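A short worksheet on the structure shown next.
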Amino acid sequence: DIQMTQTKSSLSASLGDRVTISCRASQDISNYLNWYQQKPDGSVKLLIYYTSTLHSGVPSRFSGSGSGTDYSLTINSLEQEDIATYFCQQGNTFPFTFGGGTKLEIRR
Amino acid sequence: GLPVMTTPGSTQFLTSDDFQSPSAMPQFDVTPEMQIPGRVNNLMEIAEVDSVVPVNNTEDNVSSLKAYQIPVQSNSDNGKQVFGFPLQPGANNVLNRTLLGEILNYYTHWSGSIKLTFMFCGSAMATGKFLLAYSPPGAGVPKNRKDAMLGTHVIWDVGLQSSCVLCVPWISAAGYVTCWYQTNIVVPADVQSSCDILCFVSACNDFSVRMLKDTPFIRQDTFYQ
Amino acid sequence: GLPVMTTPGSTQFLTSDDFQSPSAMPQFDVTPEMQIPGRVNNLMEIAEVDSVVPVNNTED
Amino acid sequence: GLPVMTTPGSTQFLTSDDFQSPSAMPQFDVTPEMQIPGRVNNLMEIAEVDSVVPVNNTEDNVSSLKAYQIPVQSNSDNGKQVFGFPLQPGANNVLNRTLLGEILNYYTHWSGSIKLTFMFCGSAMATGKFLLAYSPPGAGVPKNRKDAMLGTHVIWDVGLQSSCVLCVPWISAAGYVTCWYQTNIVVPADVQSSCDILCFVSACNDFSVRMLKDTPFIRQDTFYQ
Amino acid sequence: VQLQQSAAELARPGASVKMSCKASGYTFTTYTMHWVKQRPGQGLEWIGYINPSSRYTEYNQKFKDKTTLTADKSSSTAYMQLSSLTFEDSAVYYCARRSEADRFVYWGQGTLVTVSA
Amino acid sequence: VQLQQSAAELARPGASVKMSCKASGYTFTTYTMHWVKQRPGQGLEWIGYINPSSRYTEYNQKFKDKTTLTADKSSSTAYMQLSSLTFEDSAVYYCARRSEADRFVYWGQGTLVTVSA
Amino acid sequence: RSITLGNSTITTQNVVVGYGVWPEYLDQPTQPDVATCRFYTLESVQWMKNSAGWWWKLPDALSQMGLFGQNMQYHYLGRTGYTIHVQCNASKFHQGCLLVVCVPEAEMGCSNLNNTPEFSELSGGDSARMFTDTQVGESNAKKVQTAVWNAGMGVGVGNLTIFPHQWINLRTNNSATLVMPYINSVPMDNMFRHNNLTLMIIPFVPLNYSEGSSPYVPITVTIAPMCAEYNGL
Amino acid sequence: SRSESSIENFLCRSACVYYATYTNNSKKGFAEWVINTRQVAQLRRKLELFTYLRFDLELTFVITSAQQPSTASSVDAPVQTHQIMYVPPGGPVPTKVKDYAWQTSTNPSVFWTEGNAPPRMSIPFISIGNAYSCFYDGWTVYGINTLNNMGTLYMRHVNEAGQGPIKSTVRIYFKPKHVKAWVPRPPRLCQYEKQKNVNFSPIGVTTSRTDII
Amino acid sequence: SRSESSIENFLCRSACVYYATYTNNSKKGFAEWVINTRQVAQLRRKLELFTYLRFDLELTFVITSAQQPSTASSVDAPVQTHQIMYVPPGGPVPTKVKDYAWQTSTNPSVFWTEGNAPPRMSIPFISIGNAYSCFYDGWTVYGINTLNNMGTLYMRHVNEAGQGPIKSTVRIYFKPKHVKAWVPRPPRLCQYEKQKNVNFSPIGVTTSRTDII
C-alpha cells in the first residue's frame, strides 16, 4: 500500500492569513492526488481533483501544488466557513488510501 | 481614405460563424494526402449496416451475451407468444443502444423505415413455423394467434429458409412487432430441442434527420486528466 | 492594409435600417414552402370586402 | 458610408502574418542592385559541399588538428579494426558539427543519404587493402573481419586509387560505418609506415527538411553590448 | 442529485447490522457505489465497491471476510452487511460514487454504528 | 544550473590545500571557469582562469608562482591547488563562470581557507 | 477448389472483401514474393459449451512462422495485406453461431484503471488469447479486461458488425473468408510496435448437442499474406 | 434534411475545451494547455466514431479580467495586453513566466489588448503522417503514438502592474475545419475514465425490462 | 518539404531584438536603440552564414504601461500617446527629452495612443552600397564599416502628466523582407563575446568520446 502522512493533524491560525496543509506520500504517486473537506456536522465534499485544479463551485481561495512524493494545499484568505477537517487520497494503485485528518482552529 | 461605416454586430464573437482567419503557421508545407480505405461522407451509411438487437433484456441478461438470444423451446400449448417489443422511441426500448439507434439520438426529428431480419440459430434437422405480426399505431397488441393473423403478418417456415425480413416504418400507441408459435418444433431423435433466434436491425431507405443536438448517453462532472 | 475611413453614424443602432446580419443557425436546411390557400399581398384587399355597419348604436 | 463589419482577430498582432505596411521613408530612391558572385537560393546547396569529419575525437584531440586524422600503422595481427562510428543522430556523434550536420539541426525531421569519401594521405610507395562495411539498422556491429565481409562492403585497394566512396542512408540500432584491416601495409625501405586517413561527408541526393526550429548550439544570458 | 442513507443503529457484539444507501437523481446502474469507514481516531478506510450493472463486488483485504455489498435495481438502493461485530467495528460509514476513475464526487451523510451491551 | 564547491578546510603554513568547484546544468567544456579571492579586509582579487576545452590556464601576476588550476571532463569539476601557505593566504575563495567576455553571471558559495597551528 | 500457394495447398468450395478495395502494391523498397506467400495455418481451438471467445493480433501470429517470421528481424519497415480462411467442421446434429470480425486498431482495455496491459497479455505467438464471461477484478495489475459483452474495448459487442465480418451459422454455413487491405495512416510503419489488425471469434449462440455426439467442435484459422513488401537494402 | 447528416455538418461546431485563470504578480500564474480533444466527453465521442481524421484547426480565446483586492490609494490602470504563445511540436517550453522560451522566433504568438474582438488564430494539419489516429494499438508506453501531437499553448500578461493585482481567465473554443474521416467505428458505451488510454469498467448492454413478451 | 529550406523561408521570421522602459517625469526616461542585428545570438547566427545581405526592414512596437505609486487623491488619467522617432543615418540626435531634434522635419515619426493595434512601420534598403556586409576585413577602427548603418530609434511620451508617474515598456520586433544573400560562409562554433567585433576564445572542435573504435 501507500501510507499518506499528514504529520500535523492540528493547525491553528487567525482569519485573513495564508495556511498550508501538507500531505506526504510513501512513494511517487505521479500527480494523482485529491483533497477532500469534511465539515464538523458530517458533510464531506471534494475540493481539488488533481494536484492543482479546483472542483466547479468551490471558490478561488483554494490552491494546490506538489510533485513526486510531497504535496501541499493553500488557502490564502481564511474565512469562517473553512474550519473543517481535511484529507488527501491518492488514485494511483489499489486499494485507495486516505490520509489522516487535519483539524483547524482559530488561534486566539 | 475610403469612407466605411460599421453596422451593429461588428466586434462580436458568434460561435457559429464562417469567417476567414489568419494562419498561425504559414510556410509550413503540410503533408499531402493518401488513399486510405474506408472513407465516410455521410452519417447515414453508418446507419445502413446491420446490428444485433438485445431483445431479451430481462433484468439479468444485460451483463451477458444472453441479452441477444431469443429462446425457443417446443412447448405443449396451442399457440403462444415468443417475444414482442414496442416501437415507442426513447422510452428505454430495445432499439436504443444499437448502431442505428445511437445515431438517431444525435437528431431531434427523424422518419423512415426499419429492416428487421431474424435468424434461426438452431439445428439443421428441425422444422417449425412462426408468425411475424406488425400492429400499426392505433391497433392494440393482439392477445391471440387468431387476431394476430388477420393483420399484416408473414408466416415464417424455418425448414425452408433461415431468415425472414419484415419491413416496418418508424417515426418520432406506436406499434408492436410480436411473434407467435404457429406450429410446434418437430425434431428427430438425438437432436436437442432448445434453439435460439437472433434479430438484426438496419435502415431500409434513406432517413430524414433534422435539428442536430447532443446525446444523453454520455456526461461528465470533472475534466479527464 | 487597405486604407479606410469611418464616417459619422458608424457604431450606431438606428432601429429602421436594412443591413445584413450573420445567421445564428446556419447548416440547418429549413422546411420548404407549401401551397396554402388564401395568400395576402396587400392590406387593401382586406378592406375591399363587405362588413355590417352598426347604425343603431342607441346606448343600449 | 459603405457598411463594414469587423470579424474577430481584428486588432491583433500575430507575429507570423504577411500584411502590407506603410513605408517610413518614401521618396528615397534606393540604390539599384549589382551582380555579385555567389548567390544562394536554398540552404541545401550549402549542405551539398564536402567537409572534413572529426572521427578521432578521443578526449584530447578536440583542441587540435589531430581530431580529423585517422591513424594507420602496420600492425602484426591478422585482421583488426581501424575506426567505427554509429549514425545515431543528435547523441553527440561525429557528424554533428560538420557543414551538413549544423544545417540539419535547424530542422525537426529530415531524411536522405550520405556520401562518405575517404582519402589515404600516406606515401606514394605504400600498398594495402581495407574493408568498408555498413551495418544496416537491426544488425549489430560486426565483431570480426569475416562477418563484416558477408554484409555490404567495399574492398578498398590503396595502391590503385586514393579515394573510395560509400553511400549510405541517414534518417531521423541505427547503423555503423566500421572499417577493417584486410591486409597489412607493405612499404619499401627508407619510407615511413605511419600514415593517415581523412574523411569527408556530403549529401548525395536532395534531402527533405520540415518544421524549422532553433539550434541548441548557441545560447545567451545577457545582451552583447 | 443526492444520496440518502439509513439511520444510526445499535447491536450486540456477535450479531449483524445491515445499512442502506439510496441513490436518486441519475441512472443508478451506471456508476459504481463505494463504502468508506471512518473510525473516530484515525482517517478514512476503504472497504469496497459494487458494480451495480453486474453485481460484481471487490473488497479490500482488510475487510474481505465480513462485508457483503448487495444492490437492487428496483428501489435503486445499495446495502452493506456487517457480520461478527467486535469493539473495533464502531465507526461512521459513508457511501460514495466514484466517477472519473479516482474522484469521489458525491458522498452520503454517514451512519453511526456502535456496539454495546 | 548552479555550481557547488567543496567544504572549508585547515592546514599548516608550508603545506598544500586543494579545492574543487563542481559545475552542473550545462555543457562544462564551453565556458571558462575563474577563481576570485576575497580577503576579509579588502575587496575581491582576481587569480586566474582555465579554458576547460584545451586546459590552457593564465594567471594574474600576483598569484603566478603558486596556484595551479586543473580540470577534468568526467566528473565536470575544476580544482585549484595552493602551495606554500603563509599568514596572508587566509581568505574566502569563489569560482565564477565568465560569460559575454566580462560578466560573471554565476558564482559559487565560497570556501573559507584558514592557516593555523 | 484446391488452390495452392508455394509449397502449401488447401481446398475450399462467398468472400467478403475489406472496404471494397483489393490489396495492391505501393528509399527504394523491393518485394519478397517466392519466400513468403503460403498458407500459414495456426493450430485449432476447441469450441466447447462453456466458451467465450478468442482473438489473434495479426502481425504477431506470424512472428515465429518461419521464412516469413525470419523476415521480421531483418526488416525495420514494411506494409502487408492479408487473406483469412476460418472453418469449423461440425455435423448436422450440432448447432451454434459464430461472428468472425477483423478490427483495425483494436486497443484493449486494462483491468486496473491506471495502468496499461503488459505485452504477454496482448498477444501470444500463434496462441489464441481467450475472452471470459466474468469481470477481471481491479486488484490485477496488468491484465486485459476480458468482459466478452464489451469485447475488451468498452463498446457494445452487438455493434461489432460495422467492421468487415461474416456469420458462421452451423445450420447453413461452414466457413468464412476475409480479404483485408493495408489500413494505416502512414505508408510504412514500425512492425514491432504496432498490431494493425485483430481477428476475433465470438460465439453469439452457444454450442449445443445431445448426448452421444462429440463434446467439441474445432475451428481452424489459415492466414495468407498478400502484397508483402519491405523497406531495406 | 438530406445534408444535415454529412460529416462537415456533424463535426464543424465550436466547443469550449479548456478554462484556466492566471494572476500577474504571483510568479506562478501563467496558463498552459496541450492541444488534444480528449478532455471533454461530448466532443470526444463524436471524434471517436472514426479511426483516422484529418482536419484544420481554428481557435478563439475569450479573455476577461478581475480586480483583486489591493491595499488602498486610487487604483487606476491602463488597458491590459496578453500574449498567447503557440509552441509547435518539438519546441522549447517555458518553466516560469519570465523566460527565454517566450522570446524565441519560431514560436508564433499573438498580442491583444482588452476591449476589442477576441484573438482568433488558425493552425493547419500539422503532422508527419497523413491522418490523426484516434486509436493506436501499439507502443511508441502503450497506446500513445507521439506522431499526432498538435502543440501547446501558453498565456501570460505583458503589462507589469504595480498597484493592483489582476487575475484573468481565458476560455478556448475549438473548431475543426475541412474534416475527412476514415474507417468508422462503433460508438462508446461505457463511461470514460481516463484521458490517455481507453480503460473502462464493464457495464450492461442496455436498460433492462421485466419480460420478453 | 522542398521549399522549407529556401532563403525567404529561413530568414523572414519575426524576432524580439530590444526591450527598454522609460518614465515620463524623470527627465532621464526616454528610449534609444541603434538598428543592428548583433545583439541577440539566435538571429545573429542565421545572418552570419552569408557575407552580403540585402533586405527590406519592418518593425513593430508593443508598448504597455504601468501606474507607478503616486501620493494620494484620485488618480484618473486620459489615454497616453507615444512618439517613435526614426533618425536616418546622418541626422540630428536628441540629448534630453525636451529638445529641438524631435521636431525636425526630416526625421519621420509615428504617433500612437493606447488601446489600438500596435504601430508598424517599414524601412527600405537604406545604404549607399549594394549590400549589407556582415563581415568587413579592414578599417573605416578595425572592422566597423560605417557604410551599413541603418539608423536609430527614439521613444518618449508626449502627454504631460501631473498626478501619477507612469512607466512604459516597449518591445521591438524585427523582420527581414525580400532577402537576397551572397557568398555563403561556415557557421560559428565558438560563443559570441562582443557585439562590434568577431573576437572569441578558442574552443574544441566537437564533443569528445572515449575510443575511435
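Derivation of every value follows stated rules applied to the coordinates shown; laboratory data play no part. Methodologically, a virtual Cβ is constructed for each residue, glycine included, from the backbone with ideal geometry; neighbour enumeration extends over all protein chains shown.
Given H placed 1.01 Å from N in the peptide plane, which residues other than close sequence neighbours of I:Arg54 have an amide H under 5 Å from its amide H?
Here I:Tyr132, I:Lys180 satisfy the definition.
Would you tally the net charge around G:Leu113, using a Cβ to Cβ cut-off of less than 11 Å, leaving G:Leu113 out, and scoring K and R as +1, D and E as -1?
Around G:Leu113, the surrounding residues sum to -2.
Relative to a virtual label point 7 Å from the Cα of I:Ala72 in the Cα→beta-carbon direction, which members of the range H:50-85 show backbone nitrogen distances below 18 Å?
H:71-76
Could you please state, rounded to a whole Å, how far the C-alpha centre of the range D:146-225 is from the C-alpha centre of the range H:168-212?
53
What gaps in nm, shortest first, separate I:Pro119 from its twins in the other copies when you place the label 7 Å past Cα toward the beta carbon?
Spacings between copies for this position, smallest first, are 2.1 nm.
Place +1 on the Cβ of every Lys and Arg and -1 on the Cβ of every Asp and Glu in chain G, take the dipole about the Cα centre, and give the residue among G:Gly69, G:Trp47, G:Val144 whose Cα lies farthest towards its positive end.
The listed residue farthest towards the positive side: G:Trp47.
So what's the gap between the Cα centers of the range D:12-82 and the range G:211-233, to the nearest angstrom?
56
How much net charge surrounds E:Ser54 when only the other residues with a Cβ under 15 Å from the Cβ of E:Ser54 are counted, with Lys and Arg +1 and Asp and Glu -1?
Neighbourhood net charge equals -3.
How much net charge surrounds I:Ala117 when only the other residues with a Cβ under 14 Å from the Cβ of I:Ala117 are counted, with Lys and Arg +1 and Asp and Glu -1?
-2
Starting from the amide H of G:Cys37, placed 1.01 Å from N in the peptide plane, find each other amide H under 5 Å away whose residue is 5 or more places distant or on another chain.
none
From the phi angles alone, apply the Karplus equation (6.51, -1.76, 1.60; θ = phi - 60°) to the range B:12-25 and give each ³J(HN,Hα) in whole Hz, x where the residue is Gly or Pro.
Whole-Hz 3J(HN,Hα) from phi for the range B:12-25: 10, 10, 7, 6, 10, 9, 10, 10, 5, 7, x, 7, 6, 10.
Going 7 Å from Cα along the Cα-Cβ axis for the label, what nanometre distances separate H:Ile213 from the same residue across the other copies?
Here the equivalent label points are 8.9 nm apart from this one.
Which value in nm describes the separation of the simple spin-label points at B:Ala173 and I:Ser201, placed 7 Å from the Cα toward the beta carbon?
According to this spin-label approximation, the distance is 9.7 nm.
How do D:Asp206, D:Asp190 line up, fewest other C-beta atoms within 10 Å first?
D:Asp190, D:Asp206
Once phi is turned into θ = phi - 60°, what whole-Hz ³J(HN,Hα) does the Karplus curve with 6.51, -1.76 and 1.60 give for every residue of the range H:149-158, x standing for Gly and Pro?
10, 9, x, 9, 10, 10, 9, 7, 6, 10
Work out the FRET efficiency for C:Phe19 and D:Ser111 from their Cβ-Cβ distance, taking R0 = 51 Å, and round it to the nearest 0.05.
Efficiency for this residue pair is about 0.40.
With θ set to phi - 60° and the Karplus curve 6.51 cos²θ - 1.76 cosθ + 1.60, what are the ³J(HN,Hα) couplings of the range B:69-82 in order, to the nearest whole Hz, using x for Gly and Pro?
Residue by residue, the range B:69-82 yields 8, 8, x, 10, 9, 7, 7, 10, 7, 8, x, 6, 7, 8 Hz.
For chain H, what does -39500 (n - 2.57) per DSSP helix run (n ≥ 4), summed and divided by total residues, give at 222 nm, in deg cm²/dmol to the nearest 500?
-1000 deg cm²/dmol
Under 5 Å between amide hydrogens, which residues at least 5 positions from H:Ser201 or on another chain qualify, with H placed 1.01 Å from N in the peptide plane?
Correct list: H:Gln191.
I need the calculated FRET efficiency for the pair D:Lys66 and H:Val141, taking r as the beta carbon distance and R₀ as 41 Å, to the nearest 0.05.
0.40
Return a single number: how many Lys pairs in the range D:1-224, at a sequence separation of 8 or more or on separate chains, have alpha-carbon atoms below 24 angstrom apart.
Value for the range D:1-224: 9.
Could you please rank I:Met150, D:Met149, placing first whichever residue has the fewest other Cβ atoms within 10 Å of its Cβ?
Ascending number of Cβ neighbours within 10 Å: D:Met149, I:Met150.
Starting from the Cα of C:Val49, step 7 Å along the direction of its Cβ; do the same at E:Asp72; then give the gap between the two resulting points in nm.
6.6
Quick one: putting +1 on the C-beta of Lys and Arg, -1 on the C-beta of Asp and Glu, what dipole do you get for chain I around its Cα centre, in Debye to the nearest 20?
340
Any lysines with Cα under 20 Å of the E:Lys64 Cα? List them, leaving off those in the same chain fewer than 8 positions away.
E:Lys18, E:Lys37
Smallest Cβ-to-axis distance in chain E, for the rotation taking E to F: which residue, how many Å?
E:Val105, 42
What does the C-alpha gyration tensor say about the overall shape of the range G:134-230? Classify as rounded when a/c is under 1.5, otherwise prolate if a/b is larger than b/c, or oblate.
Judged from the Cα gyration tensor, the range G:134-230 comes out oblate (a/c at least 1.5, b/c at or above a/b).
Report the FRET efficiency, 1/(1 + (r/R0)^6), for H:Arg209 and B:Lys80, where r is their Cβ-Cβ distance and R0 is 22 Å, rounded to 0.05.
0.70
Which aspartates and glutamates, on any chain, are close to I:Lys96 with Cα under 20 Å apart, when same-chain ones fewer than 8 places away are left out?
Straight-line reach from I:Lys96, under 20 Å: I:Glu32, I:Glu160.
Which value in nm describes the separation of the simple spin-label points at G:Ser213 and H:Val34, placed 7 Å from the Cα toward the beta carbon?
Between G:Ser213 and H:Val34, the label points sit 5.4 nm apart.
Going 7 Å from Cα along the Cα-Cβ axis for the label, what nanometre distances separate I:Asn197 from the same residue across the other copies?
Nearest to farthest, the other copies are at 6.2 nm.
So for D:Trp170, F:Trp46, fewest C-beta neighbours within 10 Å to most, what's the order?
In increasing order of surrounding Cβ atoms, one gets F:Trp46, D:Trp170.
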